[PDB]
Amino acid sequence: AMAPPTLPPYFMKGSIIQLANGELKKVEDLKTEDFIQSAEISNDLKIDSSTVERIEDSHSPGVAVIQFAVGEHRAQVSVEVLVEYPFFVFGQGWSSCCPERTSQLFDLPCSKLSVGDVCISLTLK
């Protein structure tokens, strides 16, 4: 199970995120709550949360194999992702497997993605 080979451009710090209420916030100052109400005021989106179960090296160098427990019912999904890929962890902010690279790439301060981290995202319905 592979991840898209592209990264969204809004990760380069200094980028401004528009919340569904109208207020603006720099990508690095983004707080957990900013995800919640944004999805609570959107009749298109809701919040989906996935828990990190395991992090393994992949046969491809610089790429990690993360096993996730997705949403309620904890569906198990393993996905190969770049080590630098930034996840927003519940109550911890931006996290990746290699914050050092995420700093070299986006100048974005990251925590160390760890087992049990609840990575939240905006999804549909």
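Numbers for residues come from their place in the sequence shown, where the first is 1.
The PDB entry records a higher mean C-alpha B factor for 34-42 than for its counterpart among 34-42 and 54-62.
Looking at mean Cα B-factors across 43-51 and 86-94, the upper value is held by 43-51.
Comparing the C-alpha B-factors of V118, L124, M2, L7 in the entry, the top value falls on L124. Ranked against the other modelled residues of its chain, the C-alpha B-factor of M12 as given in the entry falls in the middle third. Looking at the C-alpha B-factors along this chain, the one for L105 belongs to the middle third. Per the PDB record, residue ranking by Cα B-factor puts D29 in the middle third of the chain.
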